[PDB]
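Novice: Provide a 3D model corresponding to the input given below.
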Amino acid sequence: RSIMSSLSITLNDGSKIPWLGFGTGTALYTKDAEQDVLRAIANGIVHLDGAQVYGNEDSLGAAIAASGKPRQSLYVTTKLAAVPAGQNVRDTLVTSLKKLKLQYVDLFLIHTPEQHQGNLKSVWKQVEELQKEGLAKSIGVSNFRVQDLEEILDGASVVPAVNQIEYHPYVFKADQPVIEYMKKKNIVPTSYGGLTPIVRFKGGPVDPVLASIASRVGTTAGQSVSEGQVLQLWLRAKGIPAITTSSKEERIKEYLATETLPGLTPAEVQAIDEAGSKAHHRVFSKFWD
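Specialist: Residues are numbered from 1 along each chain as shown. Please find the structure below.
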């Protein structure tokens, strides 16, 4: 499996980002983070999502090196945290690249606008220069509201390629404005937290809908399909890359299956939209509310 051999989404700069990703997330121990990345790579996930702030870039780089998979087969994202005192954005990326043991990242994101209040335009210009310098192939943002995007786009030479956000049926209704804005600017959303409805809020209104659709998709595919896999197919139907976090090979194998399971129909996506819209559950980036 490689970026080329995998389902991918085309970004506004021409590059392809694999639809299925795996993130080290907020993994507490770097020893676990490394093993989970190795498991993700071994099972065929070719999109790896890291972040400065949680300190797991060393594990991500060690796992890439230990996997035996060519780095050029993989798409690597990392994310700008706060700029340490006496440094600039470039400094953090050079530090990230040394930890990742890479010459460039495929994608460099501003992790959150809350860490750059009053300096958003300055930070984005610096990230634009890092793309010119060859250190980040594509550049984007994370957890940016419409207003935040408006700010950095005012006088920008590069439109962010992605906005990585919490995205699942229980934020669907609240996120409709930013989703519409991004589609007008050709910013691709990428989702984290895609399993939130059933991991954190099992028993809400989306569950019977997911159960019904999983039965349908399963009969079309000739294999058992879980409610979690339908939540990813919902993202796939919208063209939104899914960043996952499960450590377990059995769940990782399920994620992989959703790359090629039969797609959801319009009525099925609509039904999930509607059921999700009966409840708002935002787990991360509460400043959005």
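Novice: I'd like the distance between residue 263 and residue 77.
Specialist: 25 Å (CB to CB, to the nearest Å). Quick note: C-beta positions are derived from backbone N, CA and C, even for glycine.
Novice: between those two, point out the one with more neighbours.
Specialist: A count of neighbours by other CB atoms under 10 Å puts residue 77 above the other of residue 263 and residue 77, at 27 against 14.
Novice: verify the stated contact: the more buried one with residue 47.
Specialist: Yes: look at residue 77 against residue 47 with CB atoms under 8 Å: they come within range, at 7.5 Å.
Novice: residue 70: neighbour count?
Specialist: Neighbours around residue 70, by other CB under 10 Å: 9.
Novice: show the contacting residues for it.
Specialist: residue 2 (CB atoms under 8 Å, 6 or more residues apart in numbering).
Novice: ok, it to residue 156 distance?
Specialist: For residue 70 relative to residue 156 (CB to CB), the value is 34 Å.
Novice: swap in residue 95?
Specialist: Going from residue 95 to residue 156 by CB to CB gives 25 Å.
Novice: in three-state terms, label residue 78 for me.
Specialist: Judged by DSSP: H, G, I helix; E, B strand; the rest coil, the three-state class of residue 78 is strand.
Novice: quick one, phi/psi of residue 117?
Specialist: The phi and psi torsions at residue 117 (degrees, to the nearest 10) take the values phi -60, psi 130.
Novice: just give the number of residues close to it.
Specialist: 7.
Novice: for residue 153, see how far away it is.
Specialist: Here residue 117 is placed at a distance of 17 Å from residue 153 (CB to CB).
Novice: now residue 28
Specialist: 36 Å.
Novice: could you do residue 108 as well?
Specialist: From residue 108 to residue 153 the distance is 17 Å (CB to CB).
Novice: cool, and residue 258?
Specialist: For residue 258, the distance to residue 153 - CB to CB - is 32 Å.
Novice: give me the more crowded residue out of those two.
Specialist: residue 258 (25 against 17).
Novice: please name the nearest non-neighbouring residue to that one.
Specialist: In this structure, residue 258 finds its nearest non-sequential neighbour in residue 232, 4.2 Å apart by CB to CB, 6 or more residues apart in numbering.
Novice: so which helix or strand takes in that neighbour?
Specialist: helix 227-237 (DSSP states H and E).
Novice: quick one: list the elements packing against that helix.
Specialist: When contacts are defined as 3 or more CB pairs under 8 Å, 6 or more residues apart in numbering; DSSP states H and E, helix 227-237 sits against helix 196-199, helix 206-221, strand 242-244, helix 249-258, helix 266-277.
Novice: in the protein, which spans are helices?
Specialist: 30-42, 57-67, 89-100, 120-133, 146-153, 172-185, 196-199, 206-221, 227-237, 249-258, 266-277 (DSSP state H).
Novice: pick the most buried one from those.
Specialist: Ranked by mean neighbour count, the helices of the chain are led by helix 227-237 with a mean of 24 (mean count of other CB atoms under 10 Å).
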